[PDB]
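Residue-level structural notes
The residues making up each chain are set out below.
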2 protein chains.
Amino acid sequence: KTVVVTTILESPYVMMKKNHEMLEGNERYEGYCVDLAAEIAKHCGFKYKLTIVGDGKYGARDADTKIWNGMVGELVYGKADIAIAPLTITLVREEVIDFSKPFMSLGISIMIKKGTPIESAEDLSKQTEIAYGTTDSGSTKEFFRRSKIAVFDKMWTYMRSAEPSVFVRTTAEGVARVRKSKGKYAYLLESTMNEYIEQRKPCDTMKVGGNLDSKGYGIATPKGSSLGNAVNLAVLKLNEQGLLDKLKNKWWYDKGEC
Amino acid sequence: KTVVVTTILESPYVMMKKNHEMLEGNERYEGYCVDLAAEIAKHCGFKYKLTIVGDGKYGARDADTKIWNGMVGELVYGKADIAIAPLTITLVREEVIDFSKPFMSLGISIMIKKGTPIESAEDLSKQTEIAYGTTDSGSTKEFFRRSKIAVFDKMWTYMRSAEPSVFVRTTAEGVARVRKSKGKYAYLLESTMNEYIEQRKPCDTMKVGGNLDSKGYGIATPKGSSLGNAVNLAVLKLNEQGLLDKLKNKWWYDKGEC
Ligand SMILES: Cc1onc(O)c1C[C@H](N)C(=O)O
Ligand SMILES: Cc1onc(O)c1C[C@H](N)C(=O)O
Ligand SMILES: [Zn+2]
Ligand SMILES: [Zn+2]
Ligand SMILES: [Zn+2]
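Residues numbered from 1 in each chain as written, not as in the entry; some residues may be left out. Chains lettered and ligands numbered in written order. Heavy atoms only, no water. Residues with missing side-chain atoms left out of burial classes, pairs and counts.

Regarding how it was determined, this PDB entry cites X-ray crystallography in its header, along with a resolution of 2.0 Å.

Here's what the structure looks like:
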């Protein structure tokens, strides 16, 4: 009956509302994905319940245990019926779950503390004073791990061996490390969120260079789910109507602090 | 079973090779989609024949007969097994055919001669001296037809009633019209092509302003096709391998002549 939506607490997609403690259910959260979830449900005609993924991860398969974690995992093991989050459409994930066409287009990028002498990935690879890393269990980390491109492979070879760890558990943790490391730490994260942070006080971070790749986020459902077809048509319908662009402007730029 | 591939002669996606005269079959053509078709065929393990869409159209549904034309029509009516072309993933099309995840990200844009006083869509809508139109039977013409957004809607009302016709049969016709119109004609087409033409002699056109939307091109197969699954995963693999980006630079900028 009520569709269980797995999502992640990640600003500006899903965030705890100001006085959420005084509210119930879906009304406790606000964000791009909360707005989208409400629309996807309206158009597909289903009641739903927003839920925050238990392990706070996007989703990766543990080689060896072979168990999927994050939102991907909740879909795979049947804990949730659908995932509405900034979840990247990738091959290893599409092999175990279904994705609608993209609702947002983006790519990996470099976030620096303003003033950092770095202008590209090539710059990062060619040096060592400035450490750099990615978010722990997801598509960005897999991108470098699986890359055959010289620059990206050089970066992986360093990152995978760097001590202490250059990987962070969450985006907030990477942004903080960037802000606190006095230009000695750069962060590899998707452009959508790099751009978001660039507009939030203290306005001390910046996105540099072009995107490392081009890809998208999709609404995910368990393989062979009944919701798949309709959510995909809903996504296409809503993008064509301009809602998705309207929502990015709302959560990114209208609410800009810089 | 040799796979019949429907595609369209559209630079730099598919073009007749210089020495096509004494060449046969697939060898007669070259371009981004020619390499892409070879790549996907390789990964999906099938033999194929490139064939040019008979009516030279991307694909639109006649409102009276409800009959589909273009590459979409060839797929719907079983004249082709797969379409490998710069074909845009849209709702009306996704309803009759299947599309893999995007192999290219893009958006509708504005092509001006060069030196013409137009900075954006808003500019076009506020004047009458400079005529502007789109290509027929495709997603761009649909974008404006079904657009509730003030500027785009206003633009449609002008283009629809326009006399003479501001719509063109092919992208080649639109580019020629912009080039010969002494800046009195602006063309609405996708960013991918706008940026391609911008890098080709006589170097007299230019893309102005940002894209009007964000979408993607997908490899299309007829509903319930056996090829669907594999081609989708192959597209994902190729994008992640970095091949699509390799192909983009090859046919767009390495060959750039401006
Ligand atoms: C959001 C976000 O931003 N940078 C990132 O790596 C992520 C996580 C990424 N979207 C994933 O699905 O793994
Ligand atoms: C290519 C291209 O470039 N501008 C355009 O309108 C098109 C056609 C568009 N890709 C379609 O599928 O109709
Ligand atoms: Zn709605
Ligand atoms: Zn290959
Ligand atoms: Zn007719």
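1. What about the environment of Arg61(B)?
With respect to the helices, strands and loops of the structure, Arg61(B) is situated in the loop between β4 (48–52) and α2 (70–76). With residues up to four places along the chain from it excluded, the contact list for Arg61(B) reads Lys66(B), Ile67(B) and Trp68(B). (Helix = DSSP H or I, 4+ residues; strand = E, 2+ residues; numbered from the N terminus. Contact = heavy atoms within 4.5 Å.)

2. Observations concerning the domain arrangement of chain A
Residues and elements named next belong to chain A. Examined at the domain level, chain A breaks down into domain 1 (1–106 + 216–255) and domain 2 (107–215). Put simply, the middle of domain 1 and the middle of domain 2, counted by C-alpha atoms, are 24 Å apart. Taken together, the contact pairs 23 residues of domain 1 with 17 residues of domain 2. In this assembly, domain 1 packs against domain 2 so that about 1,500 Å² is buried in total across both faces, 52% of it on carbon and sulfur atoms. Looking only at domain 1, the three residues that lose the most surface to domain 2 are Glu-10, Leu-106 and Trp-252, adding up to 33% of its buried area. Run the count over domain 1 and domain 2 and you get one salt bridge. (Domains from an automatic or database assignment. Buried area = accessible area lost by both parts, 1.4 Å probe. Salt bridge = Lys/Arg side-chain N within 4 Å of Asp/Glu carboxyl O.)

3. Topic: the site of ligand 2
Residue and element names in this part refer to chain B. As a structural note, the neighbourhood of ligand 2 is formed by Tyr-58, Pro-86, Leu-87, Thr-88, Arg-93, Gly-138, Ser-139, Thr-140, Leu-189, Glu-190, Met-193 and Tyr-217. Interatomic distance of 3.0 Å between a side-chain N/O atom of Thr-88 and a nitrogen atom of ligand 2. Within the side chain of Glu-190, one N or O atom sits 2.8 Å away from a nitrogen atom of ligand 2. Isolated, ligand 2 exposes 340 Å² of accessible area, and the fraction of that covered by the protein chains is 99%. Put simply, the parts of the chain that give the shell around ligand 2 at least two residues each are α5 (139–145) and β10 (185–190). Residue composition of the shell around ligand 2, by class: six nonpolar, four polar and two charged. In this structure, the shell around ligand 2 is formed jointly by two domains, domain 1 (1–106 + 216–255) and domain 2 (107–215), each of which donates at least three residues. (Near = heavy atom within 4 Å. Polar contact = N/O pair within 3.5 Å; in protein donor to acceptor, adjacent residues only side chain to side chain. Areas by Shrake-Rupley, 256 points an atom, 1.4 Å probe, with all protein chains shown as cover. Nonpolar A, V, L, I, M, F, W, Y, C, P; charged D, E, K, R; others polar.)

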